[PDB]
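> Got a structure for you, written out below as structure tokens; questions coming shortly.
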Amino acid sequence: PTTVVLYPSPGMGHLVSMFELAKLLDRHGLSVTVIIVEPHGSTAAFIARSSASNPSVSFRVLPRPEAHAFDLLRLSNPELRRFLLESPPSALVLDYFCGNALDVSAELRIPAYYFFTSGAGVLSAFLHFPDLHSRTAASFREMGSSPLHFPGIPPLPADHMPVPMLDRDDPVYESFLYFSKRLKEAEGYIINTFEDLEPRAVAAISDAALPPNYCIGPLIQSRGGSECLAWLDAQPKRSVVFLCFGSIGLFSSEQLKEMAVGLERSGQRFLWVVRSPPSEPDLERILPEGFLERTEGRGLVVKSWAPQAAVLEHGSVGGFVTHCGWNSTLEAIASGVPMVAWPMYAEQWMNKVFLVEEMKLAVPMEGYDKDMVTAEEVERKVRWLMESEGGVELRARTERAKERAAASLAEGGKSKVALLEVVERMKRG
Ligand SMILES: O=c1ccn([C@@H]2O[C@H](COP(=O)(O)OP(=O)(O)O)[C@@H](O)[C@H]2O)c(=O)[nH]1
Ligand SMILES: COc1c(O)cc2occ(-c3ccc(O)cc3)c(=O)c2c1O
């Protein structure tokens with residue numbers, strides 16, 4: 001039995017997305033072990049569920065010895081060599097942030113693949129970052145809107161680079177230059193995208209002076225959770241706008257007011273997921289007075305969390321006001337739900353440019369790059385999604401992407417092929 005070790009970087013979101021790969025590989029008959037490095041939700045709870053529902057995927061918690069996780073990982077290089085010495089695996093699957101482990105798989109002569117959870121557009125940029133880094137002395141926050149030109153992808157305003165990379169004189173930045181440099185050294189690239197979604201992007205990185213790549217997705221990670229599904233069932237087909245903004249709420253209460261006044265003034269049915277403004281949520285302390293009373297029946301506000309994958313599959317959902325996280329983008333495309341981009345943190349501002357300019361499966365929410373998105377602008381874009389001809393045209397474009405996706409995944413498809421290509425490649429020494 002061929003054995004792989006998948007090394008995600010610390011964090012539940014990284015773990016949950018490696019596990020998806022792990023099930024996939026063990027679904028193609030590999031003995032896979034997720035290696036875990038614990039931070040300082042719940043890791044035990046996840047090992048227990050994964051172990052009870054997918055017993056063939058086993059875990060290996062290492063003796064614990066953006067920023068802290070880079071230190072946690074450099075220092076776990078000893079302990080990771082111990083586990084791989086006691087049984088050499090056929091292949092090692094790494095996160096972008098786990099490049100310190102490339103040192104371990106050097107000596108031990110073990111083929112390393114990166115599992116890249118963002119699309120090939122984000123990879124291109126991350127792969128060509130160090131080159132641009134040396135062609136300029138200016139950091140990206142200084143460069144402002146000045147173009148960064150990366151192979152295969154639209155010019156990207158420099159200030160849409162991920163925050164960690166915006167200031168050169170910041171130890172986090174140096175690590176990203178380290179992890180991006182180390183991407184060249186790999187045997188391969190497993191990307192959670194499909195070629196038809198990002199064709200021009202795949203092509204530029206499918207270069208010879210660059211390790212191969214295997215686009216094997218969408219890999220989607222598939223009580224007040226049941227309630228919003230019930231209320232959804234209560235709505236006419238395709239009539240609800242879903243606003244959901246990832247794992248970290250970054251809306252002030254006054255920004256939440258604009259959203260509510262804008263949603264109220266659009267007339268549209270809305271399913272809106274709201275977290276506590278930064279330093280659980282008090283909706284009537286936070287939202288405009290009378291809002292819940294006025295809009296109940298027409299919309300539902302959900303504290304902190306909703307079953308998003310379920311929600312997006314529902315036939316009552318006709319539009320998605322998203323923060324352009326990659327998993328949420330995949331989940332939206334695979335249900336053919338058209339999108340309004342409101343990127344917020346991490347690499348989402350990137351995703352947004354590609355989502356609006358390259359892929360053309362969303363429209364921006366003007367003001368994401370500003371202090372606040374206005375009630376006016378929220379209302380216009382929700383009107384535009386549910387009512388306008390552009391919206392019907394856009395919902396058409398997504399429908400296509402839904403099918404290019406469904407096709408890429410079913411037998412013979414471009415991603416399915418890539419999957420077996422990388423699995424077979426793993427079985428050979
Ligand atoms: O209320 C919520 C918010 C998010 N998600 C899920 O959390 C993941 C978010 O991952 P993504 O990469 O899109 O964004 P991030 O949270 O990393 O910014 C996706 O699977 C969403 O479907 C969810 O189920 N419920
Ligand atoms: C929820 O799951 C994942 C995941 O599995 C992997 C991920 O890898 C990278 C990013 C990212 C974020 C900020 C940045 O500056 C550079 C890269 C990321 O957000 C991310 C993620 O959200």
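Chains: A, B, ... in order of the structure tokens. Residues: from 1 per chain. Ligands: from 1, in order shown.
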What do you get as an MDAnalysis selection string if you pick all residues at most 9 Å from ligand 1, counting only C-alpha atoms and all ligand atoms?

chainID A and resid 13:14 117:118 220:222 244:248 273:275 302:312 322:332 344:348

> For residue 340 (chain A), work out the shell of residues within 8 Å, counting only C-alpha atoms and skipping chain neighbours fewer than 6 positions away, then give it as a VMD selection string.

chain A and resid 319 to 322 362 to 365 381 385

> Write the selection just made, keeping C-alpha atoms, as a JSON list (two decimals), in the first residue's frame?


[["chain", "number", "residue", "atom", "x", "y", "z"],
["A", 319, "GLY", "CA", -27.16, 35.58, -5.65],
["A", 320, "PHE", "CA", -24.18, 35.56, -3.30],
["A", 321, "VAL", "CA", -22.59, 38.61, -1.67],
["A", 322, "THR", "CA", -19.26, 37.00, -0.88],
["A", 362, "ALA", "CA", -18.63, 38.34, -10.17],
["A", 363, "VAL", "CA", -19.02, 42.11, -10.00],
["A", 364, "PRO", "CA", -17.19, 44.22, -7.36],
["A", 365, "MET", "CA", -18.79, 45.89, -4.38],
["A", 381, "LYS", "CA", -25.58, 45.80, -6.29],
["A", 385, "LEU", "CA", -27.94, 40.89, -8.95]]

> From the list A:352, A:427, A:27, A:168, which residue is nearest residue 54 (chain A) when using only C-alpha atoms?

A:27

> Find the residues near residue 119 (chain A): any atom within 12 Å, counting only C-alpha atoms, skip ones fewer than 3 places away on the same chain, and give them as a PyMOL selection string.

chain A and resi 115-116+122-126+152-153+189-202+205+213-219+324-327+329-330+347-348+350-352+354-355+359

> Neighbouring residues of residue 164 (chain A) were defined as those with any atom within 9 Å, considering only C-alpha atoms; residues of the same chain fewer than 4 positions away were excluded. Please report them as an MDAnalysis selection string.

chainID A and resid 66 170 172:173 176 346

> Just the residues within 9 Å of region 22-25 of chain A, please, counting only C-alpha atoms, with nothing from its chain fewer than 2 positions along; format it as a PyMOL selection string.

chain A and resi 4-6+17-20+27-34+54+56-57+219+419+423

> From the set A:148, A:16, A:337, A:91, which residue has the shortest atom-to-atom contact distance to residue 2 (chain A), counting only C-alpha atoms?

A:91

> Rank nothing, just name the residue among A:160, A:269, A:82, A:238 nearest to ligand 2, using only C-alpha atoms and all ligand atoms.

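Checking each of A:160, A:269, A:82, A:238 against ligand 2, counting only C-alpha atoms and all ligand atoms, the winner is A:160.
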
> What's around residue 103 (chain A) at 10 Å? Count only C-alpha atoms, leave out sequence neighbours fewer than 4 positions away in its own chain, and write the answer as JSON, numbers by chain.

{"A": [74, 77, 81, 99, 107, 108, 182]}

> Let me make sure I understand: among A:93, A:101, A:35, A:161, which one has the smallest atom-to-atom distance to ligand 2 if we use only C-alpha atoms and all ligand atoms?

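Closest residue, counting only C-alpha atoms and all ligand atoms: A:161.
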